[PDB]
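For reference, the structure discussed in these notes is given below.
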Amino acid sequence: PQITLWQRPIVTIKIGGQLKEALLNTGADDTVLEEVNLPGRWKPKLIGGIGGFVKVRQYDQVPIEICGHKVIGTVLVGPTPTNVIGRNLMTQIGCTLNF
Amino acid sequence: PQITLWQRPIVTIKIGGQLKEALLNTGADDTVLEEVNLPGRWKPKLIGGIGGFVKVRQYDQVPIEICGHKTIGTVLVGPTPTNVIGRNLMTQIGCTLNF
Ligand SMILES: Cc1cccc(C)c1OCC(=O)N[C@@H](Cc1ccccc1)[C@@H](O)C[C@H](Cc1ccccc1)NC(=O)[C@H](C(C)C)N1CCCNC1=O
């Protein structure tokens, strides 16, 4: 799609058999989602860092659908004020900024 | 331009007679820039909010050039870990997310 930015670019993602809402966040390197139980191995990742890091679980090669774009990418699972689709997944969906 | 998101979408902005780097941040409602002296009236704005707000100065109708695109928009001036072009200015430059 073409998403204008008058509103927060919140998109529906499908991940871990759940439909979630997430913000297409070009300011985020990574994709951080709250409350998904992703299967399989993960490794700890420290994210944030300003005032301390937040430990999240990094799951790699996660199938995630973003606006009916099935991609695969790293999803960090842990506390996030809002579910964020970061650049890592936006590149997968071939999402670009255009002006 | 079409900006792919493999890297942080840092763009050069021209504001307050200065060339600055700023992140095209679709996750940011507002544009927050540090160390720009903007002329004229401003009103305080509280931004952030998680753990407390940061007070910044809201300058309205600021001429700002983003990747050569002259636009006018609200620029919040105050502490920001990175200069952020938020959606408010991305709409002005006609920046959209596309995939
Ligand atoms: C910067 C970074 C480094 C390593 C790894 C990752 C994933 C990184 O990126 C993630 C990140 O923190 N991104 C921020 C930028 C960053 C760079 C440097 C230090 C810290 C962060 C920023 O761009 C987007 C971020 C959206 C956000 C989403 C969920 C929780 C919190 C914030 N947007 C916002 O914070 C704004 C501000 C003004 C309040 N915002 C979010 C509330 C509602 N209003 C609003 O407009």
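Lettering and numbering for the structure tokens are positional, with chains as A, B, ... in the shown order, residues counted from 1 in each chain, and ligands counted from 1 in the shown order.
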Discussion item. Any residue with an atom at most 6 Å from ligand 1 counts, using only C-alpha atoms and all ligand atoms. Which are they? Put them as a list in words.
Written reply: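 So the residues close to ligand 1 are residues 27, 28, 29, 30, 47, 48, 80, 81, 82 and 84 of chain A; 25, 27, 28, 29, 30, 47, 48, 81 and 82 of chain B.
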Worksheet item: Quick one: residues within 8 Å of residue B:97, only C-alpha atoms counted, chain neighbours fewer than 4 positions away excluded, as a ChimeraX atom specification?
Response: /A:1-5,95-98
Take the residues that were just selected and, keeping C-alpha atoms, output them as a PDB file, in the first residue's frame.
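Once everything was written out, this is result-v7.pdb:
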```
ATOM      1  CA  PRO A   1       0.000   0.000   0.000  1.00  0.00           C
ATOM      2  CA  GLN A   2       0.897   3.646   0.184  1.00  0.00           C
ATOM      3  CA  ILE A   3       0.574   4.795   3.745  1.00  0.00           C
ATOM      4  CA  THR A   4       0.418   8.517   4.342  1.00  0.00           C
ATOM      5  CA  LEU A   5       1.645   9.704   7.689  1.00  0.00           C
ATOM      6  CA  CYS A  95       8.573  -0.808   2.564  1.00  0.00           C
ATOM      7  CA  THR A  96      10.245   2.449   1.661  1.00  0.00           C
ATOM      8  CA  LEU A  97       9.871   6.069   2.506  1.00  0.00           C
ATOM      9  CA  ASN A  98       8.919   8.006  -0.565  1.00  0.00           C
TER      10      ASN A  98
END
```
Discussion item. Can you pull out every residue from chain B that DSSP, working from the backbone, puts in strand (DSSP E), and format the result as number ranges by chain?
Written reply: B: 2-3, 10-15, 18-24, 32-33, 43-49, 52-66, 69-77, 84-85, 96-98
Just C-alpha atoms for this one: save the residues we selected as a PDB file, in the first residue's frame.
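Saved result, part-v9.pdb, follows:
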```
ATOM      1  CA  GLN B   2      12.713   6.584  -2.344  1.00  0.00           C
ATOM      2  CA  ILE B   3      14.425   5.745   0.898  1.00  0.00           C
ATOM      3  CA  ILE B  10      18.752   9.835   8.298  1.00  0.00           C
ATOM      4  CA  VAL B  11      18.316  12.793   6.063  1.00  0.00           C
ATOM      5  CA  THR B  12      19.798  16.211   5.976  1.00  0.00           C
ATOM      6  CA  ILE B  13      17.476  18.922   7.013  1.00  0.00           C
ATOM      7  CA  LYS B  14      17.989  22.622   6.686  1.00  0.00           C
ATOM      8  CA  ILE B  15      16.528  24.573   9.585  1.00  0.00           C
ATOM      9  CA  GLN B  18      21.821  25.161   9.879  1.00  0.00           C
ATOM     10  CA  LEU B  19      22.259  21.842   8.118  1.00  0.00           C
ATOM     11  CA  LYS B  20      21.290  19.075  10.498  1.00  0.00           C
ATOM     12  CA  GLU B  21      20.906  15.336  10.272  1.00  0.00           C
ATOM     13  CA  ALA B  22      17.626  13.925  11.324  1.00  0.00           C
ATOM     14  CA  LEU B  23      15.900  10.623  11.336  1.00  0.00           C
ATOM     15  CA  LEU B  24      12.760  10.166   9.277  1.00  0.00           C
ATOM     16  CA  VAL B  32      12.051  17.097  17.647  1.00  0.00           C
ATOM     17  CA  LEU B  33      15.371  18.678  16.981  1.00  0.00           C
ATOM     18  CA  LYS B  43       5.108  27.567  23.403  1.00  0.00           C
ATOM     19  CA  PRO B  44       6.255  24.899  25.733  1.00  0.00           C
ATOM     20  CA  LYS B  45       5.260  21.411  24.814  1.00  0.00           C
ATOM     21  CA  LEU B  46       5.648  18.292  26.903  1.00  0.00           C
ATOM     22  CA  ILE B  47       6.834  15.382  24.843  1.00  0.00           C
ATOM     23  CA  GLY B  48       7.720  11.809  25.687  1.00  0.00           C
ATOM     24  CA  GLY B  49       5.907  11.073  28.904  1.00  0.00           C
ATOM     25  CA  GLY B  52       8.015  11.804  32.783  1.00  0.00           C
ATOM     26  CA  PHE B  53       7.727  14.371  30.082  1.00  0.00           C
ATOM     27  CA  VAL B  54      10.398  16.413  28.506  1.00  0.00           C
ATOM     28  CA  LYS B  55       9.597  20.029  28.022  1.00  0.00           C
ATOM     29  CA  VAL B  56      10.502  21.352  24.639  1.00  0.00           C
ATOM     30  CA  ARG B  57       9.767  24.477  22.746  1.00  0.00           C
ATOM     31  CA  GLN B  58       7.196  24.149  20.058  1.00  0.00           C
ATOM     32  CA  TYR B  59       7.804  26.386  17.124  1.00  0.00           C
ATOM     33  CA  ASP B  60       5.073  26.502  14.589  1.00  0.00           C
ATOM     34  CA  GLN B  61       5.224  27.044  10.929  1.00  0.00           C
ATOM     35  CA  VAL B  62       8.942  26.612  10.850  1.00  0.00           C
ATOM     36  CA  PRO B  63      10.522  26.613   7.431  1.00  0.00           C
ATOM     37  CA  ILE B  64      12.536  23.481   7.176  1.00  0.00           C
ATOM     38  CA  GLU B  65      14.044  21.839   4.178  1.00  0.00           C
ATOM     39  CA  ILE B  66      14.176  18.050   4.311  1.00  0.00           C
ATOM     40  CA  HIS B  69      12.021  19.750   0.185  1.00  0.00           C
ATOM     41  CA  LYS B  70      11.075  23.126   1.597  1.00  0.00           C
ATOM     42  CA  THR B  71       8.211  22.686   3.987  1.00  0.00           C
ATOM     43  CA  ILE B  72       6.658  24.461   6.894  1.00  0.00           C
ATOM     44  CA  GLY B  73       5.808  22.718  10.046  1.00  0.00           C
ATOM     45  CA  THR B  74       5.971  22.490  13.730  1.00  0.00           C
ATOM     46  CA  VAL B  75       9.353  21.791  15.101  1.00  0.00           C
ATOM     47  CA  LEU B  76       9.839  20.911  18.697  1.00  0.00           C
ATOM     48  CA  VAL B  77      13.214  22.100  19.867  1.00  0.00           C
ATOM     49  CA  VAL B  84      13.757  13.310  14.654  1.00  0.00           C
ATOM     50  CA  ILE B  85      11.615  14.233  11.689  1.00  0.00           C
ATOM     51  CA  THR B  96       4.703   8.069   2.607  1.00  0.00           C
ATOM     52  CA  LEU B  97       5.450   4.504   3.451  1.00  0.00           C
ATOM     53  CA  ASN B  98       5.179   2.323   0.408  1.00  0.00           C
TER      54      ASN B  98
END
```
Nearby residues (only C-alpha atoms) at most 12 Å from stretch 11-15 of chain A, same-chain spacing under 3 positions excluded, as a PDB file with N, CA and C atoms, in the first residue's frame:
```
ATOM      1  N   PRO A   1       0.822  -1.206   0.000  1.00  0.00           N
ATOM      2  CA  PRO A   1       0.000   0.000   0.000  1.00  0.00           C
ATOM      3  C   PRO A   1       0.853   1.252   0.000  1.00  0.00           C
ATOM      4  N   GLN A   2       0.202   2.405  -0.056  1.00  0.00           N
ATOM      5  CA  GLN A   2       0.897   3.646   0.184  1.00  0.00           C
ATOM      6  C   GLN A   2       0.273   4.187   1.433  1.00  0.00           C
ATOM      7  N   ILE A   3       1.094   4.372   2.452  1.00  0.00           N
ATOM      8  CA  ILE A   3       0.574   4.795   3.745  1.00  0.00           C
ATOM      9  C   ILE A   3       1.040   6.216   3.966  1.00  0.00           C
ATOM     10  N   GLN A   7      -1.673  10.031  10.063  1.00  0.00           N
ATOM     11  CA  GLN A   7      -1.921   9.269  11.256  1.00  0.00           C
ATOM     12  C   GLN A   7      -0.735   8.351  11.502  1.00  0.00           C
ATOM     13  N   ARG A   8      -0.661   7.819  12.712  1.00  0.00           N
ATOM     14  CA  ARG A   8       0.373   6.837  13.016  1.00  0.00           C
ATOM     15  C   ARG A   8       0.181   5.658  12.114  1.00  0.00           C
ATOM     16  N   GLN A  18      -1.560 -14.792  15.719  1.00  0.00           N
ATOM     17  CA  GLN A  18      -2.327 -13.725  16.330  1.00  0.00           C
ATOM     18  C   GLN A  18      -2.372 -12.564  15.346  1.00  0.00           C
ATOM     19  N   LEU A  19      -3.493 -11.860  15.294  1.00  0.00           N
ATOM     20  CA  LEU A  19      -3.527 -10.581  14.602  1.00  0.00           C
ATOM     21  C   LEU A  19      -3.194  -9.533  15.638  1.00  0.00           C
ATOM     22  N   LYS A  20      -2.178  -8.729  15.346  1.00  0.00           N
ATOM     23  CA  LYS A  20      -1.772  -7.675  16.242  1.00  0.00           C
ATOM     24  C   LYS A  20      -1.741  -6.346  15.488  1.00  0.00           C
ATOM     25  N   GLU A  21      -1.707  -5.266  16.238  1.00  0.00           N
ATOM     26  CA  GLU A  21      -1.579  -3.962  15.651  1.00  0.00           C
ATOM     27  C   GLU A  21      -0.162  -3.574  15.931  1.00  0.00           C
ATOM     28  N   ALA A  22       0.492  -2.982  14.941  1.00  0.00           N
ATOM     29  CA  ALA A  22       1.841  -2.522  15.163  1.00  0.00           C
ATOM     30  C   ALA A  22       2.115  -1.281  14.343  1.00  0.00           C
ATOM     31  N   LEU A  23       3.049  -0.491  14.836  1.00  0.00           N
ATOM     32  CA  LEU A  23       3.372   0.773  14.259  1.00  0.00           C
ATOM     33  C   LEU A  23       4.540   0.558  13.326  1.00  0.00           C
ATOM     34  N   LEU A  24       4.376   0.954  12.066  1.00  0.00           N
ATOM     35  CA  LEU A  24       5.494   1.008  11.137  1.00  0.00           C
ATOM     36  C   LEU A  24       6.363   2.163  11.568  1.00  0.00           C
ATOM     37  N   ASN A  25       7.461   1.779  12.169  1.00  0.00           N
ATOM     38  CA  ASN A  25       8.313   2.718  12.808  1.00  0.00           C
ATOM     39  C   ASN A  25       9.689   2.729  12.147  1.00  0.00           C
ATOM     40  N   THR A  31      12.077  -4.786  15.371  1.00  0.00           N
ATOM     41  CA  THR A  31      10.666  -4.998  15.533  1.00  0.00           C
ATOM     42  C   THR A  31      10.501  -5.560  16.916  1.00  0.00           C
ATOM     43  N   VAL A  32       9.672  -4.895  17.705  1.00  0.00           N
ATOM     44  CA  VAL A  32       9.494  -5.308  19.083  1.00  0.00           C
ATOM     45  C   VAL A  32       8.009  -5.422  19.253  1.00  0.00           C
ATOM     46  N   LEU A  33       7.585  -6.599  19.666  1.00  0.00           N
ATOM     47  CA  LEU A  33       6.187  -6.882  19.856  1.00  0.00           C
ATOM     48  C   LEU A  33       5.975  -7.316  21.299  1.00  0.00           C
ATOM     49  N   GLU A  34       4.840  -6.890  21.837  1.00  0.00           N
ATOM     50  CA  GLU A  34       4.390  -7.226  23.174  1.00  0.00           C
ATOM     51  C   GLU A  34       3.524  -8.474  23.073  1.00  0.00           C
ATOM     52  N   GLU A  35       3.636  -9.333  24.074  1.00  0.00           N
ATOM     53  CA  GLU A  35       2.740 -10.483  24.246  1.00  0.00           C
ATOM     54  C   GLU A  35       2.434 -11.277  22.988  1.00  0.00           C
ATOM     55  N   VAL A  36       3.479 -11.902  22.474  1.00  0.00           N
ATOM     56  CA  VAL A  36       3.313 -12.984  21.531  1.00  0.00           C
ATOM     57  C   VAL A  36       4.163 -14.132  22.061  1.00  0.00           C
ATOM     58  N   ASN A  37       3.625 -15.341  22.026  1.00  0.00           N
ATOM     59  CA  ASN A  37       4.396 -16.492  22.429  1.00  0.00           C
ATOM     60  C   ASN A  37       4.862 -17.119  21.125  1.00  0.00           C
ATOM     61  N   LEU A  38       6.083 -16.781  20.766  1.00  0.00           N
ATOM     62  CA  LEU A  38       6.676 -17.334  19.579  1.00  0.00           C
ATOM     63  C   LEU A  38       7.360 -18.631  19.949  1.00  0.00           C
ATOM     64  N   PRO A  39       7.226 -19.640  19.083  1.00  0.00           N
ATOM     65  CA  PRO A  39       7.834 -20.915  19.382  1.00  0.00           C
ATOM     66  C   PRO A  39       9.333 -20.920  19.167  1.00  0.00           C
ATOM     67  N   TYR A  59      13.672 -13.493  18.497  1.00  0.00           N
ATOM     68  CA  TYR A  59      13.346 -14.642  17.684  1.00  0.00           C
ATOM     69  C   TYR A  59      13.697 -14.288  16.282  1.00  0.00           C
ATOM     70  N   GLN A  61      13.986 -15.160  12.106  1.00  0.00           N
ATOM     71  CA  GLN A  61      13.328 -15.790  11.004  1.00  0.00           C
ATOM     72  C   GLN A  61      11.896 -16.106  11.348  1.00  0.00           C
ATOM     73  N   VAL A  62      11.232 -15.149  11.979  1.00  0.00           N
ATOM     74  CA  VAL A  62       9.851 -15.328  12.351  1.00  0.00           C
ATOM     75  C   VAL A  62       8.999 -15.007  11.141  1.00  0.00           C
ATOM     76  N   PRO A  63       8.054 -15.905  10.804  1.00  0.00           N
ATOM     77  CA  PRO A  63       7.074 -15.535   9.798  1.00  0.00           C
ATOM     78  C   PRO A  63       6.125 -14.517  10.391  1.00  0.00           C
ATOM     79  N   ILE A  64       5.964 -13.426   9.680  1.00  0.00           N
ATOM     80  CA  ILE A  64       5.083 -12.389  10.122  1.00  0.00           C
ATOM     81  C   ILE A  64       4.453 -11.833   8.856  1.00  0.00           C
ATOM     82  N   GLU A  65       3.164 -11.559   8.929  1.00  0.00           N
ATOM     83  CA  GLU A  65       2.475 -10.978   7.832  1.00  0.00           C
ATOM     84  C   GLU A  65       2.191  -9.552   8.251  1.00  0.00           C
ATOM     85  N   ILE A  66       2.508  -8.613   7.375  1.00  0.00           N
ATOM     86  CA  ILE A  66       2.303  -7.203   7.632  1.00  0.00           C
ATOM     87  C   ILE A  66       1.516  -6.727   6.420  1.00  0.00           C
ATOM     88  N   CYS A  67       0.269  -6.320   6.638  1.00  0.00           N
ATOM     89  CA  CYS A  67      -0.620  -5.943   5.530  1.00  0.00           C
ATOM     90  C   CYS A  67      -0.672  -6.993   4.450  1.00  0.00           C
ATOM     91  N   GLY A  68      -0.818  -8.253   4.837  1.00  0.00           N
ATOM     92  CA  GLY A  68      -0.804  -9.326   3.844  1.00  0.00           C
ATOM     93  C   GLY A  68       0.513  -9.429   3.098  1.00  0.00           C
ATOM     94  N   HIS A  69       1.578  -8.940   3.717  1.00  0.00           N
ATOM     95  CA  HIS A  69       2.904  -9.211   3.195  1.00  0.00           C
ATOM     96  C   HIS A  69       3.554 -10.185   4.157  1.00  0.00           C
ATOM     97  N   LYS A  70       3.629 -11.431   3.713  1.00  0.00           N
ATOM     98  CA  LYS A  70       4.279 -12.498   4.456  1.00  0.00           C
ATOM     99  C   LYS A  70       5.758 -12.302   4.328  1.00  0.00           C
ATOM    100  N   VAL A  71       6.392 -12.004   5.447  1.00  0.00           N
ATOM    101  CA  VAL A  71       7.831 -11.887   5.426  1.00  0.00           C
ATOM    102  C   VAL A  71       8.389 -12.716   6.544  1.00  0.00           C
ATOM    103  N   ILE A  72       9.697 -12.746   6.608  1.00  0.00           N
ATOM    104  CA  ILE A  72      10.395 -13.474   7.632  1.00  0.00           C
ATOM    105  C   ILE A  72      11.373 -12.508   8.224  1.00  0.00           C
ATOM    106  N   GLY A  73      11.448 -12.471   9.541  1.00  0.00           N
ATOM    107  CA  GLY A  73      12.376 -11.549  10.111  1.00  0.00           C
ATOM    108  C   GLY A  73      12.457 -11.694  11.598  1.00  0.00           C
ATOM    109  N   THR A  74      13.380 -10.954  12.140  1.00  0.00           N
ATOM    110  CA  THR A  74      13.652 -11.045  13.524  1.00  0.00           C
ATOM    111  C   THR A  74      12.601 -10.239  14.218  1.00  0.00           C
ATOM    112  N   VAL A  75      12.035 -10.858  15.234  1.00  0.00           N
ATOM    113  CA  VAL A  75      11.041 -10.187  16.041  1.00  0.00           C
ATOM    114  C   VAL A  75      11.542 -10.253  17.445  1.00  0.00           C
ATOM    115  N   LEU A  76      11.609  -9.088  18.075  1.00  0.00           N
ATOM    116  CA  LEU A  76      11.967  -9.018  19.462  1.00  0.00           C
ATOM    117  C   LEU A  76      10.660  -9.049  20.213  1.00  0.00           C
ATOM    118  N   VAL A  77      10.602  -9.911  21.217  1.00  0.00           N
ATOM    119  CA  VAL A  77       9.357 -10.077  21.947  1.00  0.00           C
ATOM    120  C   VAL A  77       9.646  -9.648  23.351  1.00  0.00           C
ATOM    121  N   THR A  82       4.306   0.227  22.599  1.00  0.00           N
ATOM    122  CA  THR A  82       3.435  -0.184  21.502  1.00  0.00           C
ATOM    123  C   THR A  82       4.215  -1.087  20.563  1.00  0.00           C
ATOM    124  N   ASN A  83       3.508  -2.013  19.926  1.00  0.00           N
ATOM    125  CA  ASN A  83       4.123  -2.964  19.024  1.00  0.00           C
ATOM    126  C   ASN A  83       4.738  -2.181  17.920  1.00  0.00           C
ATOM    127  N   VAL A  84       5.991  -2.470  17.633  1.00  0.00           N
ATOM    128  CA  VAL A  84       6.694  -1.676  16.681  1.00  0.00           C
ATOM    129  C   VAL A  84       7.205  -2.584  15.593  1.00  0.00           C
ATOM    130  N   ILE A  85       6.864  -2.275  14.356  1.00  0.00           N
ATOM    131  CA  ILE A  85       7.523  -2.889  13.201  1.00  0.00           C
ATOM    132  C   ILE A  85       8.661  -1.973  12.861  1.00  0.00           C
ATOM    133  N   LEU A  89      11.901  -5.308   9.478  1.00  0.00           N
ATOM    134  CA  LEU A  89      10.788  -5.969   8.798  1.00  0.00           C
ATOM    135  C   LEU A  89      10.304  -5.118   7.680  1.00  0.00           C
ATOM    136  N   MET A  90      10.423  -3.808   7.813  1.00  0.00           N
ATOM    137  CA  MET A  90      10.008  -2.984   6.697  1.00  0.00           C
ATOM    138  C   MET A  90      10.840  -3.234   5.475  1.00  0.00           C
ATOM    139  N   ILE A  93       9.354  -6.304   3.829  1.00  0.00           N
ATOM    140  CA  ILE A  93       8.138  -6.118   3.083  1.00  0.00           C
ATOM    141  C   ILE A  93       8.372  -5.187   1.902  1.00  0.00           C
TER     142      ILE A  93
ATOM    143  N   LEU B  97       4.884   5.823   3.410  1.00  0.00           N
ATOM    144  CA  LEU B  97       5.450   4.504   3.451  1.00  0.00           C
ATOM    145  C   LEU B  97       4.831   3.731   2.307  1.00  0.00           C
TER     146      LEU B  97
END
```
Item to complete: Calculate how many Å separate atom CA of residue A:55 from atom CA of residue A:78, rounding to one decimal.
Response: 7.4 Å
Item to complete: Step one, run DSSP on the backbone; step two, keep only residues of chain A assigned to alpha helix (DSSP H); then write them as a list in words.
Response: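 Residues meeting the alpha helix (DSSP H) criterion: residues 87, 88, 89, 90, 91 and 92 of chain A.
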Go ahead and write the residues just picked, N, CA and C atoms, as a PDB file, in the first residue's frame.
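Output file again35.pdb follows:
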```pdb
ATOM      1  N   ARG A  87      12.599  -1.179  11.074  1.00  0.00           N
ATOM      2  CA  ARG A  87      13.131  -1.236   9.740  1.00  0.00           C
ATOM      3  C   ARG A  87      13.462  -2.630   9.295  1.00  0.00           C
ATOM      4  N   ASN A  88      13.846  -3.504  10.223  1.00  0.00           N
ATOM      5  CA  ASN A  88      14.237  -4.843   9.858  1.00  0.00           C
ATOM      6  C   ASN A  88      13.137  -5.517   9.075  1.00  0.00           C
ATOM      7  N   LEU A  89      11.901  -5.308   9.478  1.00  0.00           N
ATOM      8  CA  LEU A  89      10.788  -5.969   8.798  1.00  0.00           C
ATOM      9  C   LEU A  89      10.304  -5.118   7.680  1.00  0.00           C
ATOM     10  N   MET A  90      10.423  -3.808   7.813  1.00  0.00           N
ATOM     11  CA  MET A  90      10.008  -2.984   6.697  1.00  0.00           C
ATOM     12  C   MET A  90      10.840  -3.234   5.475  1.00  0.00           C
ATOM     13  N   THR A  91      12.100  -3.592   5.668  1.00  0.00           N
ATOM     14  CA  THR A  91      12.875  -3.902   4.476  1.00  0.00           C
ATOM     15  C   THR A  91      12.374  -5.188   3.875  1.00  0.00           C
ATOM     16  N   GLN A  92      11.979  -6.120   4.714  1.00  0.00           N
ATOM     17  CA  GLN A  92      11.474  -7.391   4.228  1.00  0.00           C
ATOM     18  C   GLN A  92      10.230  -7.216   3.409  1.00  0.00           C
TER      19      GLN A  92
END
```
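Comparing A:10, A:50, A:60, A:26 by their smallest distance to chain B, the closest is A:26 (using only C-alpha atoms).
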Worksheet entry | Nearest candidate to chain A (options B:89, B:67, B:95, B:50; using only C-alpha atoms) | B:95
